[PDB]
Amino acid sequence: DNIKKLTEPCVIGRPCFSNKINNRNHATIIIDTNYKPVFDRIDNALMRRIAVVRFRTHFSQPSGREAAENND
Amino acid sequence: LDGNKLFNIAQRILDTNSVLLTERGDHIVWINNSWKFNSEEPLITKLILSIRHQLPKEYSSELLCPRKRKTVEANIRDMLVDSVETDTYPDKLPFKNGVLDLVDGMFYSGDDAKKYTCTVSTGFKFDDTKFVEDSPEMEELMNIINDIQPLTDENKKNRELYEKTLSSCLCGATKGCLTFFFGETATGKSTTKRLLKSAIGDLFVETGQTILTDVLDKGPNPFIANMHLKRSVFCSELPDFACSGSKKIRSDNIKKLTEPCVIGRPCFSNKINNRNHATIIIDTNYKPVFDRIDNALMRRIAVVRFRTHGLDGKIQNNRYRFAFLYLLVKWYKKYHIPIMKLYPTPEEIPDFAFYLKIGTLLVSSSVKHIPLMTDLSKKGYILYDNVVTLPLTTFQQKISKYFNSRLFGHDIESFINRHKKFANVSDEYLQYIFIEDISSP
Amino acid sequence: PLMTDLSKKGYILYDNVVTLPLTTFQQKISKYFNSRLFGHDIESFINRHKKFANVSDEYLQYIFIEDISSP
């Protein structure tokens, strides 16, 4: 539901002490992780709004520059 | 030529830069050789009345009537449009009667201190009479230091770490590393805390451990506003982690507070940006229990070990206070003028040694296993989806051979959950290969 | 210096720390601390500072005062 709501131009949210319900989103959302995300519901509308990139490059130190050099 | 006289008076007052406007929407004034700011007090009118004397005598008579003072205040408020940043000199320490520069050791007062906009102070007037390089005071301190912590070669590194941390505490910039005091009771921790408090005046503050485990975004939090523009925040008498049901000190919280600007809304204040220049010091008598251990978490952890087990009256009388400040500034000169740097102590907390030895003993996946898979299949290793995998039973027995599973069962389970890769629903493996398994010891 | 007697009663110096088995420790507290009065509090004491030396050496680093005296 969070991903679904965060993609529409109008975001529904009620702050305290205010009756405002509409917000305009002008920002790109970027989320960083080391593990595959887990979602409650799987549907076409969900993964028709998901794009990822692959960070397949590791920078290290000479202490471990040999063990991690030959890593898939 | 002679237009609005009150406007001329307002311009004359303003050109002396005796009143400033901050980005926080509040006005600050310069009275009694001190920068004071307040929202509910008539500071501007007081400044006008005080400055009346130095103006030419044809304006002083007009300045007496309060209505004219209100008019001049309105003009001043109207002609101020640009804001100026505050507390931009971390290398100087303001006192109740002036500002002391840490480099040359001499303290300014009066108009000289007005150059730097410092809104806080130690709370006690600085005196060079008590600050003397040649006295009995520092040799009196010298025996005290050895009484609390000697300079032995075994504790040489701990002592130099103590000196460097104490010097760094005087710096006015944001610090990314906190200090931990773990040791036996009645070892001088209270004495050192009182000495530091007397040294830094009002810059010291004490807060409980609730924020370490509570949500900082819920409800009003005047505490978060408390350590703003502070120099030392003390969390003492930590709860026994051994006690069942005790809330674990969340690592995400301490990751949040170590950042230069913590996001938060103070009560009756729209000040999103808060400056955290204070040194976090946490004193406990029991080894903490942690759940998640990570590199970035452990780069910022610094711990001072205290294994060593008339003074109170002199400290209460601040007899040793000025010599303590002299020692602190000498240490800051020896260490921090040459370079502004802070270094961690990444040896171990009583609960990080397991993680460190796990990281050292275990190696990441490498192609060197590929030529040996024929031998590896003899030891239980299997190739699933072109991935080297180890049976759960084999990993469990390998772990239990060296390290007890019943001890670190919570820790082992947490590590598995953090690093679980699913070759099967029941067989969860790790991206670690035992070095001794394939390489002779 | 008391380590030998500590092993005699049960406080084994595993991992450079005394390790008295919880069986002996609970027998001691039961013979001294009356069980019926504060059994729940005794269990809280046991489970608060609980430690295990190994699979079968669960221990607490507390030495009762007649044992701290050298025999």
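Residues numbered from 1 in each chain as written, not as in the entry; some residues may be left out. Chains lettered and ligands numbered in written order. Part of a larger assembly, values for the part shown. Heavy atoms only, no water.

- The deposited coordinates, according to the entry record, derive from cryo-EM at 3.12 Å resolution.

- For chain C, the PDB entry supplies the name Primase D5 and the organism Monkeypox virus.
- The record deposited in the PDB is entitled "The Cryo-EM structure of MPXV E5 in complex with ssDNA in intermediate state 3".

- The PDB entry lists chain B under the name Primase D5, with Monkeypox virus given as the organism.
- Entered under Subunit (unreviewed entry) in the UniProt record, the comment concerning chain B runs "Homomultimer; hexamer. Interacts with OPG148." (UniProt positions renumbered as here; feature names shortened; annotations may be inferred.)

## Digging into the overall build of chain B
- From N to C terminus, chain B includes 18 helices and 17 strands.
- Relative to the 2.2 N^0.38 estimate, which gives 22 Å for 441 residues, the radius of gyration of chain B is 30 Å and therefore markedly larger than a compact globule would have.
- With respect to the principal axes defined by its C-alpha atoms, chain B has extents near 105 × 55 × 40 Å.
- Within chain B, the fraction of its 441 residues that count as buried is 43%.
- Counting every atom, chain B has about 24,700 Å² of accessible surface; 56% of that belongs to carbon and sulfur.
- Here chain B carries 61 positive and 54 negative side-chain charges, and the mean point of each set is 2 Å from the other. (Helix = DSSP H or I, 4+ residues; strand = E, 2+ residues; numbered from the N terminus. Rg over C-alpha atoms; globule rule 2.2 N^0.38 Å. Buried < 20%, exposed > 50% of the residue type's maximum accessible area, 1.4 Å probe, protein only. Areas by Shrake-Rupley, 256 points an atom, 1.4 Å probe, with all protein chains shown as cover. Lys, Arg positive; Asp, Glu negative; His and termini not counted. Charge placed at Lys NZ, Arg CZ, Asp CG, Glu CD.)

## Quick look at the packing of aromatic side chains
All names here are of chain B.
- Tallied over the full model, the rule gives 22 aromatic pairs over all chains.
- When the centroid spacing of 5.3 Å and the interplanar angle of 55° are considered together, the rings of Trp30 and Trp35 count as tilted. Across the pair, exposure class does not vary: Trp30 and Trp35 are buried alike.
- Aromatic side chains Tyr108 and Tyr116 sit 6.3 Å apart centroid to centroid with 50° between the ring planes, which places their arrangement in the tilted category. (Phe/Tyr/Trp six-rings, centres within 6.5 Å; stacked < 30°, edge-to-face > 60°.)

## Some remarks on the sheet that holds strand β10 (residues 279-284) of chain B
Residues and elements named next belong to chain B.
- Pairing in this open sheet of 5 strands is parallel, and the strands run β8-β9-β10-β7-β11 from one edge to the other. Looking at the sheet topology across the chains shown, the edges are occupied by β8 (204-206) and β11 (301-306). The average undirected angle you get between the axes of adjacent strands in this sheet is 25°.
- The pairing of strand β9 (residues 232-235) with β10 spans 4 bridges and is classified as parallel. In the strand pairing of β10, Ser232 is matched with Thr279.
- In the packing of helix α6 (residues 156-170) onto the sheet, the strands contacted are β7 (178-183), β10 and β11, and the crossing angle to β11 comes to about 125°. (Pairing = 2+ DSSP bridges. Axes fitted to C-alpha atoms, helices over the stretch in contact; angles between N-to-C directions. Contact = heavy atoms within 4.5 Å.)

## Description of the pattern of salt bridges
Residues and elements named next belong to chain B.
- Tallied over the entire structure, the rule returns 24 salt bridges over all chains.
- The partner of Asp91 in a salt bridge is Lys92, and the shortest N-O contact between them spans 3.5 Å.
- With its nearest N and O atoms 3.9 Å apart, the salt bridge here joins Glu206 to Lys193. Pair noted here: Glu206 is in strand β8 and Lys193 is in helix α7 (residues 189-200), with a separation of 13 residues, a long-range link.
- Relative accessible area serves as the criterion here: at 37%, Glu206 is assigned to the partly exposed category. (Salt bridge = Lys/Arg side-chain N within 4 Å of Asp/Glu carboxyl O.)

## Quick look at empty space enclosed by the protein
Residues and elements named next belong to chain B.
- When its volume is computed, the largest cavity comes out at roughly 450 Å³.
- Around the largest cavity, the lining is made up of 24 residues, and of these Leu212, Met227, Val233, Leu257 and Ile280 lie nearest the centre.
- Those elements that provide at least two residues to the lining of the largest cavity are α8 (210-213), β9, α10 (251-257) and β10.
- Across the lining of the largest cavity, the residue classes tally to 15 nonpolar, 8 polar and 1 charged.
- By volume, the second largest cavity is sized at about 340 Å³. (1 Å grid on protein atoms, 1.4 Å probe; cavity = no way out; pocket = protein on both sides within 12 Å on 5 of 7 lines; lining within 4 Å. Points joined across faces, edges and corners; volume = space filled by probe spheres on them. Nonpolar A, V, L, I, M, F, W, Y, C, P; charged D, E, K, R; others polar.)

## Considerations on the interface of chain A and chain B
- Listed per partner, the contact involves 5 residues of chain A and 8 residues of chain B.
- A buried area of about 580 Å², summed over both sides, lies between chain A and chain B, and 40% of it is on carbon and sulfur atoms.
- Looking only at chain A, the three residues that lose the most surface to chain B are A:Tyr35, A:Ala67 and A:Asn70, adding up to 65% of its buried area.
- Where chain A touches chain B, the interface holds 5 residue pairs in polar contact.
- Classifying every residue of the side of chain A that touches chain B by side-chain character gives 2 nonpolar, 2 polar and 1 charged. (Buried area = accessible area lost by both parts, 1.4 Å probe. Polar contact = N/O pair within 3.5 Å; in protein donor to acceptor, adjacent residues only side chain to side chain.)

## A look at the layout of surface pockets
- Looking at the second largest pocket, its volume works out to about 1,800 Å³.
- B:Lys287, B:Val289, B:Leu407, B:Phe408 and B:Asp411 are, among the 50 residues lining the second largest pocket, the residues nearest its centre.
- At the level of secondary structure, the elements contributing two or more residues to the lining of the second largest pocket comprise α14 (353-361) and α17 (409-418) of chain B together with β3 (51-52) of chain C.
- Residue composition of the lining of the second largest pocket, grouped by class: 24 nonpolar, 10 polar and 16 charged.

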